[PDB]
Amino acid sequence: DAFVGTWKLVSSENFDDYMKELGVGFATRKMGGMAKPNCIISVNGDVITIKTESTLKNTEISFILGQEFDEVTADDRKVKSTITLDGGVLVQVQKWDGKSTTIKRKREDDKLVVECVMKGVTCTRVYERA
Ligand SMILES: Cc1sc(NC(=O)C2=C(C(=O)O)CCCC2)c(-c2nc(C3CC3)no2)c1C
């Protein structure tokens, strides 16, 4: 849709702090910090696929809106994830061990803007079309 395409990370703010608040150890935060992933979003029928591709780590999720799914995150958390569409924003929550984090994906001008929240920490990542 508005989201479909191949997107390249161009800017990131507060990602290390976000990873820290998730309990991500130094080695994984080092891998993630200066990573510049591609994000490849596609849809077929009910099913949306979001692939994240980077030199040291790839991940992928496929989901139906509103339907919880199991996810292994890039930092090896086993989480229960639900993604919904709310006012044009893809809202993802991950729940594990009585905690939650939210990842919101929205389109703004030429940007795919990804807001990641854990407790008091807010990180913002911006992608543009590859
Ligand atoms: C090479 C890469 S990329 C990447 N994470 C992203 O790109 C992420 C997002 C996005 O921009 O889609 C949005 C949500 C957070 C993550 C990691 C990594 N995340 C984590 C914890 C924070 C989940 N630990 O490592 C690494 C090692």
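Numbered by the UniProt record's numbering, the letters in the sequence shown go through residues 3 to 132 in order.
We treat Cβ as the ideally placed atom computed from N, Cα and C, and that holds for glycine.
Asked: Identify the residues that DSSP records as bridge partners of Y129: which are they?; Found: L11, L114
Asked: What is the DSSP secondary structure of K59, counted as helix, strand or coil?; Found: coil
Asked: Where do the ends of the beta strand (DSSP E) carrying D72 lie?; Found: 71 to 74
Asked: Can you check whether the CB of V49 is closer than 8 angstroms to the CB of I66?; Found: yes
Asked: Quick one: what's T54 bridged to in DSSP?; Found: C41, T61
Asked: Please say whether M21 and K59 have beta carbons closer to each other than 8 angstroms?; Found: no
Asked: Does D48 come out as helix, strand or coil in the three-state DSSP assignment?; Found: coil
Asked: What did DSSP end up calling residue 1 once you bin it into helix, strand or coil?; Found: The requested residue 1 does not occur in the structure, where the chain is confined to residues 3 to 132.
Asked: In whole angstroms, what separates the C-alpha of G35 from that of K108?; Found: 22 angstroms
Asked: Kindly examine ligand 1 and report whether one of its heavy atoms sits closer than 7 angstroms to the Cβ of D111.; Found: no
Asked: Using three-state DSSP, classify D88 as helix, strand or coil.; Found: strand
Asked: Does the beta-carbon of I66, which I'm using as the reference point, lie nearer than 7 angstroms to any heavy atom of ligand 2?; Found: With respect to ligand 2, the structure offers nothing, as its ligand set consists of ligand 1.
Asked: Where do the N-terminal and C-terminal ends of the alpha helix (DSSP H) with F17 fall, by residue?; Found: 17 to 23
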